[PDB]
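The structure appears right after this line, and notes come after that.
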Amino acid sequence: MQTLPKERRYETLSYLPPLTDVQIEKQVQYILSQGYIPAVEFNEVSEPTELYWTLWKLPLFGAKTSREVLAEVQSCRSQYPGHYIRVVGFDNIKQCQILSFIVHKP
Amino acid sequence: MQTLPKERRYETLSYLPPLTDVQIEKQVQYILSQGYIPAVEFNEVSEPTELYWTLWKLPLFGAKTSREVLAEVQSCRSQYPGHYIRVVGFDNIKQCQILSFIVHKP
Amino acid sequence: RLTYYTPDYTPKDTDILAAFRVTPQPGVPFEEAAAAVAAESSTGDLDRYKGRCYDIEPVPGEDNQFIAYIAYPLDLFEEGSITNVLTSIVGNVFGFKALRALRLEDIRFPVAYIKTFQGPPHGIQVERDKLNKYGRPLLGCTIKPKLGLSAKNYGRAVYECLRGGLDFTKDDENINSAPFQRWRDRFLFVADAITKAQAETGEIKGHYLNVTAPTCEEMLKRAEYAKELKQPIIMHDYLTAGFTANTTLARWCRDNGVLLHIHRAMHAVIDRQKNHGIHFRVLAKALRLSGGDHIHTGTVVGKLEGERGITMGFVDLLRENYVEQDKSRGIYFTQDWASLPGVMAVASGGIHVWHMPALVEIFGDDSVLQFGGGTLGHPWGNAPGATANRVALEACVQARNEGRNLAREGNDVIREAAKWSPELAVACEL
Amino acid sequence: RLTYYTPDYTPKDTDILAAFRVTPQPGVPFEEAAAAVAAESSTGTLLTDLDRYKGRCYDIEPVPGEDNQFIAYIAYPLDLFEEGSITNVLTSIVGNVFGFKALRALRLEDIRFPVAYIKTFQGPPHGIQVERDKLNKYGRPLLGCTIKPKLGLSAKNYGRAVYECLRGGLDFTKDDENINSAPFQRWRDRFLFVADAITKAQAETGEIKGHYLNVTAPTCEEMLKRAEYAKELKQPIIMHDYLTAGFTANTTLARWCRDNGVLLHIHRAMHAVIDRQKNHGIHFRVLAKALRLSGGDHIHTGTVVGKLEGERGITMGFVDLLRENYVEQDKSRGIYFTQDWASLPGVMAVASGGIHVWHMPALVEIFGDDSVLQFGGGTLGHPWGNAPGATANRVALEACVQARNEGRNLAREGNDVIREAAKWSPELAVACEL
Amino acid sequence: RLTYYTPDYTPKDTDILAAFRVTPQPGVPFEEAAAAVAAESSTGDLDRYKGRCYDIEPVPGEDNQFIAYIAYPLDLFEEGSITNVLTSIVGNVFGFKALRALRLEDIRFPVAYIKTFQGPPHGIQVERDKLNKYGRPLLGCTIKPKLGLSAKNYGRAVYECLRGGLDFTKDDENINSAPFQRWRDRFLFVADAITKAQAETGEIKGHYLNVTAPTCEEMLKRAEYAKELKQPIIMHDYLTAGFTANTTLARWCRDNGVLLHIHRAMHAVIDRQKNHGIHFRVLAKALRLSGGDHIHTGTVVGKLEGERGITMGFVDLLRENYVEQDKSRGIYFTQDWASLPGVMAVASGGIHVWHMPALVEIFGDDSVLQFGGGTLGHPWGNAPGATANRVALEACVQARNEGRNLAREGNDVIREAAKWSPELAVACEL
Amino acid sequence: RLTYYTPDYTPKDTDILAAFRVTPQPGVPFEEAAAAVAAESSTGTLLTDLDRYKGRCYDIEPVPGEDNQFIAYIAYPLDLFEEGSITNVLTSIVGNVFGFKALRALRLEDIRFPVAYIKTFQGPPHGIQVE
């Protein structure tokens with residue numbers, strides 16, 4: 001018998017325990033093997049009232065393996081230690097966004 | 001293949017590498033030899049939403065050499081180490097302002 | 001008569017088709033009642049403006065009942081008025097005496113007549129962009145107890161649900177304003193419970209502030225006040241307040257950026273009988289053409305394969321752009337919505353923690369999941385009861401974003417999330 | 001449950017009673033379904049006081065002659081509902097409770113708005129009395145054509161059929177259900193060419209003729225700019241389809257017509273979705289009481305002539321609910337609760353069946369003075385046009401008004417006064433055969 | 001007739017001169033058609049109110065074509081109405097049958113009639129004071145793709161361009177509101193992308209929010225909403241929406257502090273042909289007298305010496321106070337603008353990184369440079385593609401503020417800025 | 001280009017057709033200019049779906065008796081344009097496309113507003129009949 005403490009618990013996939021390197025790439029493999037476009041985004045602060053996250057280098061239109069989508073975030077580990085890095089997944093056609101998960105936190 | 005990091009990059013002449021002492025005086029020599037009035041301005045913070053920069057001693061109406069416009073900023077180096085010093089260039093007649101470049105930064 | 005039954009009339013792409021479910025009186029033949037359900041819904045200058053029947057299609061598995069497809073012309077009806085579709089079509093036709101029970105099953109608003117309407121204020125895509133809530137079905141408490149809670153103690157129960165990761169929190173049907181709780185003070189102490197629950201957990205929290213009012217002047221001054229509390233969403237009981245007040249508020253919510261949660265209050269007077277009334281897939285089309293960014297579509301969990309085929313039938317009608325004519329799923333006409341915005345499908349029955357694997361598979365991303373409907377609360381309160389319904393949500397979205405078949409590996413992903421969540425593990429059984 | 005079934009609870013004079021007609025699923029006992037229809041219309045299945053805001057079933061009374069059906073009298077308190085909101089009565093009472101799954105059918109038969117709760121409403125804009133005082137038409141049931149054909153007529157040809165009916169003694173003339181505005185006939189032009197045809201027929205024959213201009217509209221802004229235009233044509237009366245357009249748009253136009261002196265003709269379009277089945281829905285005496293509390297000076301109560309004794313006692317039940325101040329509890333006549341209207345103004349009861357000349361003995365005897373008699377709905381007009389067709393429908397009125405005012409029992413001596421008025425009227429004699 | 005050709009009429013300083021380019025039918029003499037292009041643009045008194053021709057001046061290098069200078073009086077025309085200049089002058093004169101092609105080349109609004117108008121809401125000087133952007137020509141993306149982008153994904157492409165040092169970002173022509181992207185939600189998610197791109201880089205970022213609408217009520221409620229997002233600038237397609245809607249919006253943008261980006265949509269129906277139509281230097285004068293703080297003047301880079309003499313001809317007409325009569329540059333009348341505010345000249349063709357040395361020399365400080373017009377984007381995206389177009393801007397303004405001749409030392413200052421900029425060095429070739 | 005010239009495309013009953021009279025500059029073939037007048041009046045030269053919002057030329061039909069001229073029938077979709085805005089038809093269709101430089105002259109001959117798009121407008125205030 002207990003309450004919930006006061007954390008930020010950022011957007012989505014954030015009340016579950018923080019997703020490890022297997023669960024990062026399995027969701028990245030869900031992006032490409034379902035035909036979505038794995039884009040990487042970063043931002044200074046991760047509240048969901050700052051509405052735009054700044055897009056890392058490209059949204060990776062021709063990304064086919066998780067070993068290179070994560071390897072673009074490997075180029076984004078050392079670049080931004082203090083930014084909430086995030087791999088989003090855009091729909092290829094129908095104008096929507098699906099996956100959203102922070103891969104790196106300050 | 002790389003993105004642009006998040007800096008302030010203040011107003012104008014600010015995405016190029018910061019202008020050195022030769023490029024300060026060559027732009028100051030562009031102010032007087034084109035008949036503009038070299039005024040010196042300073043401010044605490046250099047965002048371009050604080051609209052007025054505080055004018056240093058005079059706008060130097062009869063300034064004829066770059067060795068003395070810079071020598072008024074030499075009197076403004078030690079005065080204000082923490083203010084964004086700036087030599088602006090006002091039009092002599094037609095009510096406009098042209099040159100704008102930070103010569104000293106905190 | 002019998003000039004209103006034209007069975008060779010291949011209906012035009014600009015007609016407004018209507019598929020009744022006629023149960024005629026004994027002795028009434030099927031051609032004569034189908035010409036009569038097309039009769040008194042028109043012209044009780046007649047060859048161009050006539051509601052005419054063009055197909056019979058008797059109900060399989062049952063005698064003395066058929067599905068009379070009526071083909072109303074376009075220029076009979078008002079541009080932009082869904083209270084003129086229901087005045088014209090179902091106005092004086094259900095009371096016709098040679099019909100034991102007449103039920104409007106489905107209706108086809110064409111591309112020509114959908115463009116006169118507004119659609120929802122904000123679709124699925126525009127709503128989720130405003131809320132910044134992507135890739136998961138949203139959430140909701142309904143504040144129990146309904147009545148009695150003073151405007152702050154109501155707001156304290158809103159703050160307590162919205163702390164625990166709950167996206168939205170519904171205001172009740174019968175809470176508009178009442179001498180224990182006025183709307184001006186309910187809306188104040190709720191918008192003061194949202195700006196604390198949105199500052200605590202940074203997500204855009206909202207509350208479906210009930211703006212259903214006696215007059216349309218008291219409804220817009222009840223919505224112009226939820227606008228000036230900077231509230232993301234309001235709600236409106238669209239069948240007690242009607243399609244003139246809803247379309248008034250539709251046009252307002254588009255023109256003031258407020259999302260609209262259409263509640264289907266009093267929907268079951270007019271559809272819950274399977275032989276007489278207006279089936280909800282007509283009323284779901286009717287409020288997609290008036291406004292609503294949400295609509296209650298009830299629940300799927302307490303329903304059989306046919307009763308959730310029909311329930312998923314109108315969920316696609318109010319959410320997908322093009323829906324093919326699939327009569328076993330209930331949709332009687334191929335409906336092209338002509339890029340009209342979608343409406344959410346809000347699941348609100350007796351659903352609880354363990355129905356999250358089903359209702360992320362059945363209802364997709366584009367859904368809202370209400371709670372507290374029939375279930376006996378949560379033994380630790382609201383803020384654990386909402387964190388249970390949010391961890392069990394996102395445990396099912398995590399497994400769905402990893403390919404795990406949530407029909408069979410769904411009860412596993414609740415039980416392996418009860419380990420890494422203590423508020424979930426006590427709602428894991430009751 | 002069974003905390004919501006208090007069978008000893010004498011209901012207060014300020015409760016809002018409701019008499020459902022519950023048809024429960026089998027195995028559900030009668031008290032536990034009647035406590036359930038008192039449950040999910042309140043205080044659903046401690047943070048508050050339950051015993052102050054709960055709906056309480058207080059009597060069962062099984063329907064005679066039919067098992068698996070009873071009349072759950074529910075007693076909702078006063079301070080549960082909104083002052084002045086008849087769309088919060090229905091959101092509370094018939095909101096979340098008919099789709100309840102332990103019930104095969106549920107029918108809100110009757111509802112007792114107390115004197116405490118009637119006074120928050122407005123009533124009609126104008127009663128029986130103030131409607132007759134505005135129109136200067138005393139001691140007769142008023143009249144109306146219905147402009148056939150409905151669809152296709154341009155706005156001037158529509159107003160010529162209005163002017164033709166309004167010459168020959170007709171009082172009102174109804175605009176149709178499915179006519180609000182449509183690409184052949186816009187409302188701004190339909191209202192214009194009807195105001196030019198009332199003030200021609202009102203100036204010709206010196207009675208205050210009117211026309212039920214249809215202000216039913218997509219939005220409440222478009223409704224009030226459609227009614228404020230019929231105000232500025234100095235029209236006496238508008239009309240409104242109150243169940244398609246709802247009770248928020250009706251109560252908006254209620255408050256408008258009282259504040260602008262326009263009579264409001266409430267039309268019961270889409271009523272038969274919910275009052276026509278005998279087991280499920282909302283009986284029209286709820287929806288009759290619901291618009292006497294919101295606006296309307298007239299409401300269609302259908303007809304009597306095609307119905308049995310039991311089906312017209314129920315129809316003369318809700319004619320009295322919307323027209324009389326105090327109506328006693330009589331369940332054979334359909335009324336379940338005694339209803340004090342607290343001097344709320346009456347509503348006319350409009351007769352609009354498939355009726356013609358030979359029904360003027362019947363509908364002046366059944367529906368009294370305080371009524372309106374529509375025509376042209378089912379019957380096939382008149383061979384000489386509309387103005388001899390309306391004089392046939394007006395000489396047959398005042399023959400049956402004169403006969404009723406001389407002791408002549410129109411139930412038995414009614415067909416004599418049609419035949420002895422067809423002599424002195426050539427327009428009625430050709431209408432005397434069909 | 002031939003009382004409308006008065007060749008000794010030295011025109012008054014209060015007349016409104018118009019220089020047509022008549023191409024008469026074969027057999028029509030030049031005095032008779034010039035009295036006829038002055039005929040049906042008036043009086044189809046006479047000595048006080050006739051449009052009269054006062055000079056012929058045949059086109060050098062071409063027969064059967066001349067430049068009929070018509071001299072309309074002042075008191076024929078409405079004070080403050082440029083839809084009455086085009087109703088009076090070019091109303092019923094181009095359809096006259098003795099003329100094979102009639103083209104209005106230039107027009108002289110006098111000092112007497114310019115003072116009745118408003119001018120731009122904000123000039124060059126007042127606009128740059130509001131934006132605090134001095135001594136360099138401003139910038140712009142045009143968000144490609146045009147269509148399809150939802151209101152937030154459109155805003156995300158606005159945020160991405162405006163991060164990279166881009167001053168403004170244009171909304172398209174055909175983006176007003178459409179079922180994939182409504183204006184209420186386009187304007188919201190763009191003003192939420194400006195307050196992030198202005199907070200990131202402190203410069204005053206703006207977006208030319210398209211307020212072109214079906215009605216003038218739907219245009220001002222589309223501009224009163226961009227006012228209440230605290231937006232610096234809007235835009236308006238000024239020839240599809242007309243000169244009654246611009247002058248409505250000019251008078252609004254001056255009276256609400258919003259800058260106005262006049263877009264020359266549908267301009268090339270009426271000036272692409274070199275013998276018939278209304279040349280853009282009339283239409284550039286026509287919107288300097290209605291409002292606009294910007295106007296597209298196309299581009300200079302894909303044009304010869306005469307076609308950019310004409311292009312720099314009306315760029316001086318819409319930006320400089322006094323412009324001398326210089327017919328080789330295209331300006332047919334000496335135009336005194338009477339201290340009316342200037343209009344920006346927005347270069348928007350297929351210009352890219354390497355045209356920065358030319359377009360800082362050709363178009364001066366008082367200019368805006370759009371991008372994405374014909375070029376195949378930037379290989380690294382938008383925020384590198386805007387930093388390329390901003391470093392290459394300010395490398396050319398740095399060299400211009402040091403006396404370097406940007407006609408010859410211009411390609412050097414791009415290549416010596418590709419060293420100290422990596423986003424520029426990849427746009428340095430493609 | 002030639003992704004905007006779909007010659008087999010039977011246009012839908014809800015497209016907004018447009019029949020230009022293209023007079024292309026010489027050396028520009030007829031399909032590539034007709035794909036271009038379908039280009040810069042939409043979707044100009046994977047961030048969205050191209051094939052849903054693009055203007056498609058669907059027939060050429062050379063003008064009889066005069067070479068270097070044809071009638072490019074362009075098929076714009078419905079949901080590209082604004083409900084009720086005839087100044088967004090012209091901003092879309094004749095906006096950015098006549099000043100196109102591969103064309104010596106371009107004339108919008110006719111345009112088919114569908115029944116789906118006429119109903120968003122008002123029409124005249126009063127017709128022939130009501131006038």
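Lettering and numbering for the structure tokens are positional, with chains as A, B, ... in the shown order, residues counted from 1 in each chain, and ligands counted from 1 in the shown order.
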
Output chain B, superimposed onto chain A using in-order Cα pairs, as a short mmCIF file (atom, residue, chain, number, x, y, z; two decimals) with C-alpha atoms, in the first residue's frame:
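Once everything was written out, this is result.cif:
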```
data_model
loop_
_atom_site.label_atom_id
_atom_site.label_comp_id
_atom_site.auth_asym_id
_atom_site.auth_seq_id
_atom_site.Cartn_x
_atom_site.Cartn_y
_atom_site.Cartn_z
CA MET B 1 0.01 0.02 -0.03
CA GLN B 2 1.92 3.01 -1.38
CA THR B 3 1.58 6.04 -3.66
CA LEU B 4 3.48 7.03 -6.85
CA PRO B 5 6.36 9.50 -6.35
CA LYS B 6 6.72 12.75 -8.34
CA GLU B 7 8.97 12.20 -11.37
CA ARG B 8 8.87 13.70 -14.84
CA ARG B 9 8.33 10.40 -16.71
CA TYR B 10 8.67 12.05 -20.04
CA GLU B 11 6.25 11.16 -22.87
CA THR B 12 5.55 7.56 -23.84
CA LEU B 13 7.47 4.34 -23.10
CA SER B 14 8.38 6.22 -19.92
CA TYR B 15 6.40 4.60 -17.11
CA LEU B 16 7.97 1.22 -17.83
CA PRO B 17 11.63 0.77 -16.80
CA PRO B 18 14.04 2.53 -19.18
CA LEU B 19 14.57 0.57 -22.37
CA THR B 20 17.97 -1.06 -22.74
CA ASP B 21 20.09 -1.70 -25.82
CA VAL B 22 18.13 -4.80 -26.80
CA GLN B 23 14.82 -2.94 -26.55
CA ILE B 24 16.23 0.04 -28.45
CA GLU B 25 17.20 -2.09 -31.44
CA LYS B 26 14.07 -4.26 -31.30
CA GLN B 27 11.96 -1.12 -31.63
CA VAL B 28 14.29 0.19 -34.34
CA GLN B 29 13.85 -3.16 -36.09
CA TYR B 30 10.11 -2.59 -35.72
CA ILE B 31 10.53 0.74 -37.55
CA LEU B 32 12.25 -0.58 -40.65
CA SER B 33 10.55 -3.99 -40.89
CA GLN B 34 7.16 -2.28 -40.81
CA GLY B 35 8.23 0.23 -43.45
CA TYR B 36 8.45 3.34 -41.30
CA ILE B 37 11.21 5.92 -41.62
CA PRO B 38 13.53 5.92 -38.56
CA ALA B 39 14.35 9.52 -37.75
CA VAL B 40 16.57 10.59 -34.86
CA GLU B 41 15.58 13.64 -32.84
CA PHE B 42 17.18 15.44 -29.92
CA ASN B 43 16.22 18.27 -27.59
CA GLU B 44 17.56 20.07 -24.54
CA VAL B 45 14.64 19.39 -22.21
CA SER B 46 12.11 16.59 -22.63
CA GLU B 47 8.88 18.01 -21.51
CA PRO B 48 6.00 17.36 -23.94
CA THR B 49 5.09 21.02 -24.05
CA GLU B 50 8.19 21.89 -26.05
CA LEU B 51 6.62 20.63 -29.20
CA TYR B 52 9.47 20.23 -31.70
CA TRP B 53 12.50 18.10 -31.18
CA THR B 54 15.48 19.08 -33.25
CA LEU B 55 16.14 16.59 -36.00
CA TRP B 56 19.52 14.88 -36.09
CA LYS B 57 21.37 14.70 -39.41
CA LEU B 58 18.70 13.08 -41.58
CA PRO B 59 15.48 11.12 -41.03
CA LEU B 60 17.27 8.10 -42.64
CA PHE B 61 15.02 7.46 -45.63
CA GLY B 62 16.92 4.42 -46.88
CA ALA B 63 17.80 2.90 -43.52
CA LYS B 64 17.59 -0.89 -43.71
CA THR B 65 19.38 -2.29 -40.65
CA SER B 66 19.22 -1.51 -36.95
CA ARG B 67 23.02 -1.76 -36.80
CA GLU B 68 23.25 1.54 -38.74
CA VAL B 69 20.28 3.45 -37.31
CA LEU B 70 21.81 2.90 -33.90
CA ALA B 71 25.23 3.69 -35.42
CA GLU B 72 23.90 7.11 -36.33
CA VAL B 73 22.95 7.52 -32.68
CA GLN B 74 26.47 6.25 -31.92
CA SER B 75 27.56 9.38 -33.78
CA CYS B 76 25.06 11.25 -31.57
CA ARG B 77 26.16 9.80 -28.21
CA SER B 78 29.42 11.76 -28.04
CA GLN B 79 28.00 14.77 -29.87
CA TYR B 80 25.21 15.50 -27.37
CA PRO B 81 25.73 14.04 -23.89
CA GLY B 82 23.18 16.44 -22.42
CA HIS B 83 20.36 16.21 -24.93
CA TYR B 84 17.47 13.75 -24.78
CA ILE B 85 18.26 11.80 -27.94
CA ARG B 86 15.27 10.01 -29.49
CA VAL B 87 14.56 7.72 -32.43
CA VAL B 88 11.14 8.60 -33.81
CA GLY B 89 9.38 6.68 -36.54
CA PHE B 90 7.56 8.50 -39.28
CA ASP B 91 4.97 6.90 -41.48
CA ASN B 92 6.25 6.41 -45.01
CA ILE B 93 3.07 7.70 -46.66
CA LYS B 94 0.01 8.59 -44.68
CA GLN B 95 1.31 11.61 -42.64
CA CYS B 96 1.65 10.33 -39.09
CA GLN B 97 4.31 9.50 -36.51
CA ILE B 98 4.38 6.32 -34.47
CA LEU B 99 7.45 5.32 -32.51
CA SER B 100 8.97 7.62 -29.89
CA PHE B 101 11.58 6.48 -27.38
CA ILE B 102 14.50 8.20 -25.69
CA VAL B 103 17.75 6.36 -26.34
CA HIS B 104 20.04 8.72 -24.41
CA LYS B 105 19.51 11.07 -21.50
CA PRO B 106 21.75 13.71 -19.83
#
```

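Taking chain B and asking which residues DSSP calls helix (DSSP H, G or I) on the backbone, you get residues 21, 22, 23, 24, 25, 26, 27, 28, 29, 30, 31, 32, 66, 67, 68, 69, 70, 71, 72, 73, 74, 75, 76 and 77 of chain B.
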
Just the selected residues (N, CA, C and O atoms), exported as a tab-separated table (two decimals), in the first residue's frame, please.
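Listing of part_14.tsv after writing:
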```tsv
chain	number	residue	atom	x	y	z
B	21	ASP	N	41.19	41.39	-35.59
B	21	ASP	CA	41.52	42.81	-35.52
B	21	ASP	C	41.71	43.43	-36.89
B	21	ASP	O	41.50	44.63	-37.06
B	22	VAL	N	42.12	42.63	-37.88
B	22	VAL	CA	42.22	43.13	-39.24
B	22	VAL	C	40.83	43.35	-39.82
B	22	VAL	O	40.56	44.38	-40.45
B	23	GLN	N	39.93	42.41	-39.58
B	23	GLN	CA	38.58	42.50	-40.11
B	23	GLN	C	37.70	43.46	-39.32
B	23	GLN	O	36.65	43.87	-39.83
B	24	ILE	N	38.08	43.81	-38.09
B	24	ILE	CA	37.41	44.90	-37.39
B	24	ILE	C	37.73	46.23	-38.06
B	24	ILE	O	36.84	47.00	-38.42
B	25	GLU	N	39.02	46.50	-38.27
B	25	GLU	CA	39.41	47.79	-38.81
B	25	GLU	C	39.09	47.92	-40.30
B	25	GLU	O	38.86	49.03	-40.77
B	26	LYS	N	39.07	46.81	-41.05
B	26	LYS	CA	38.69	46.91	-42.45
B	26	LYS	C	37.21	47.23	-42.60
B	26	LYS	O	36.82	47.91	-43.55
B	27	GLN	N	36.38	46.78	-41.67
B	27	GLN	CA	34.98	47.17	-41.71
B	27	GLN	C	34.79	48.57	-41.15
B	27	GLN	O	33.90	49.30	-41.61
B	28	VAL	N	35.60	48.97	-40.17
B	28	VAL	CA	35.59	50.35	-39.70
B	28	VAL	C	36.06	51.30	-40.80
B	28	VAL	O	35.49	52.38	-41.00
B	29	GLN	N	37.07	50.88	-41.57
B	29	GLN	CA	37.50	51.68	-42.71
B	29	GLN	C	36.44	51.69	-43.81
B	29	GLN	O	36.36	52.65	-44.57
B	30	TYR	N	35.60	50.66	-43.87
B	30	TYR	CA	34.45	50.73	-44.77
B	30	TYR	C	33.40	51.71	-44.27
B	30	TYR	O	32.64	52.24	-45.09
B	31	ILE	N	33.34	51.99	-42.97
B	31	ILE	CA	32.33	52.91	-42.47
B	31	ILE	C	32.70	54.35	-42.83
B	31	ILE	O	31.86	55.11	-43.33
B	32	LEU	N	33.94	54.74	-42.58
B	32	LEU	CA	34.31	56.13	-42.82
B	32	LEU	C	34.54	56.41	-44.29
B	32	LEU	O	34.15	57.48	-44.78
B	66	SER	N	40.48	54.79	-38.82
B	66	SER	CA	40.15	53.59	-38.06
B	66	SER	C	41.02	53.43	-36.83
B	66	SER	O	40.65	52.70	-35.92
B	67	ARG	N	42.16	54.13	-36.79
B	67	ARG	CA	43.05	54.07	-35.64
B	67	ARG	C	42.51	54.81	-34.43
B	67	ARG	O	43.08	54.67	-33.35
B	68	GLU	N	41.45	55.61	-34.60
B	68	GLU	CA	40.81	56.33	-33.51
B	68	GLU	C	39.40	55.85	-33.20
B	68	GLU	O	38.94	56.04	-32.08
B	69	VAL	N	38.71	55.27	-34.18
B	69	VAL	CA	37.44	54.60	-33.89
B	69	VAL	C	37.69	53.36	-33.06
B	69	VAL	O	36.98	53.09	-32.08
B	70	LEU	N	38.72	52.61	-33.41
B	70	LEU	CA	39.11	51.47	-32.60
B	70	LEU	C	39.69	51.93	-31.27
B	70	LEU	O	39.50	51.25	-30.25
B	71	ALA	N	40.34	53.10	-31.25
B	71	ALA	CA	40.91	53.62	-30.01
B	71	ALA	C	39.85	54.14	-29.06
B	71	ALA	O	40.14	54.37	-27.88
B	72	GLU	N	38.64	54.37	-29.56
B	72	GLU	CA	37.53	54.61	-28.64
B	72	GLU	C	37.00	53.30	-28.08
B	72	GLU	O	36.57	53.25	-26.92
B	73	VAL	N	37.08	52.22	-28.85
B	73	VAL	CA	36.77	50.91	-28.31
B	73	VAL	C	37.91	50.42	-27.41
B	73	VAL	O	37.70	49.62	-26.49
B	74	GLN	N	39.14	50.91	-27.64
B	74	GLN	CA	40.22	50.64	-26.69
B	74	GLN	C	39.93	51.27	-25.34
B	74	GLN	O	40.33	50.72	-24.30
B	75	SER	N	39.23	52.40	-25.32
B	75	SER	CA	38.71	52.95	-24.07
B	75	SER	C	37.48	52.21	-23.58
B	75	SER	O	37.04	52.45	-22.45
B	76	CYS	N	36.93	51.30	-24.38
B	76	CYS	CA	35.75	50.54	-24.02
B	76	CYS	C	36.06	49.06	-23.82
B	76	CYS	O	35.17	48.31	-23.41
B	77	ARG	N	37.29	48.63	-24.10
B	77	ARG	CA	37.73	47.29	-23.68
B	77	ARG	C	37.70	47.16	-22.17
B	77	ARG	O	36.95	46.36	-21.60
```

As a compact mmCIF listing (two decimals) with N, CA and C atoms, in the first residue's frame, please: the residues near residue E:371 (cut-off 7 Å, only C-alpha atoms, same-chain neighbours under 3 positions excluded).
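Output contents, as saved in out.txt:
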```txt
# COMPACT_ATOMS: atom_id res chain seq x y z
N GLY E 140 15.17 33.23 -46.94
CA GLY E 140 13.94 32.48 -46.94
C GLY E 140 14.06 31.08 -47.51
N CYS E 141 13.50 30.10 -46.83
CA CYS E 141 13.12 28.84 -47.45
C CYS E 141 11.75 29.01 -48.05
N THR E 142 11.42 28.08 -48.93
CA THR E 142 10.05 27.76 -49.27
C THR E 142 9.92 26.28 -48.97
N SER E 348 13.47 35.09 -55.69
CA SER E 348 12.91 33.79 -55.35
C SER E 348 13.03 32.76 -56.45
N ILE E 351 17.77 30.30 -57.31
CA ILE E 351 19.01 30.83 -56.78
C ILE E 351 19.49 29.89 -55.69
N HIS E 352 20.80 29.90 -55.49
CA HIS E 352 21.43 28.95 -54.58
C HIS E 352 22.64 29.64 -53.98
```

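All chain F residues having an atom within 10 Å of chain A, based on only C-alpha atoms, amount to residues 46, 47, 48, 49, 50, 51 and 52 of chain F.
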
Any idea what's packed within 7 Å of stretch 38-40 of chain F, counting only C-alpha atoms, ignoring anything in its chain fewer than 4 positions away? Could you give it as JSON, numbers by chain?
{"F": [4, 34, 44, 45, 55, 56, 57, 74, 96, 97]}

Kindly save the residues from that selection, with N, CA and C atoms included, as a compact mmCIF listing (two decimals), in the first residue's frame.
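This is the output file result_23.txt:
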```txt
# COMPACT_ATOMS: atom_id res chain seq x y z
N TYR F 4 4.35 13.16 -63.66
CA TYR F 4 3.12 13.92 -63.61
C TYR F 4 2.32 13.80 -64.89
N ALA F 34 3.51 19.39 -70.49
CA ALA F 34 2.24 19.11 -69.84
C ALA F 34 2.43 18.45 -68.49
N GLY F 44 5.72 20.84 -56.40
CA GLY F 44 6.75 21.34 -57.29
C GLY F 44 8.00 20.49 -57.43
N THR F 45 8.85 20.85 -58.37
CA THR F 45 10.03 20.05 -58.67
C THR F 45 11.08 20.12 -57.56
N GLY F 55 -0.80 16.98 -59.27
CA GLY F 55 -1.57 17.20 -60.48
C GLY F 55 -1.06 16.26 -61.55
N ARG F 56 -1.98 15.62 -62.24
CA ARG F 56 -1.63 14.65 -63.26
C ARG F 56 -2.18 15.10 -64.59
N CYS F 57 -1.30 15.34 -65.55
CA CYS F 57 -1.77 15.43 -66.92
C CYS F 57 -2.24 14.06 -67.37
N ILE F 74 -5.21 18.71 -67.19
CA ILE F 74 -4.57 18.42 -65.92
C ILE F 74 -5.67 18.01 -64.95
N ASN F 96 1.49 29.69 -60.31
CA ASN F 96 2.94 29.72 -60.45
C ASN F 96 3.37 29.10 -61.77
N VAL F 97 2.47 29.04 -62.74
CA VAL F 97 2.64 28.14 -63.86
C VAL F 97 2.62 28.85 -65.20
```
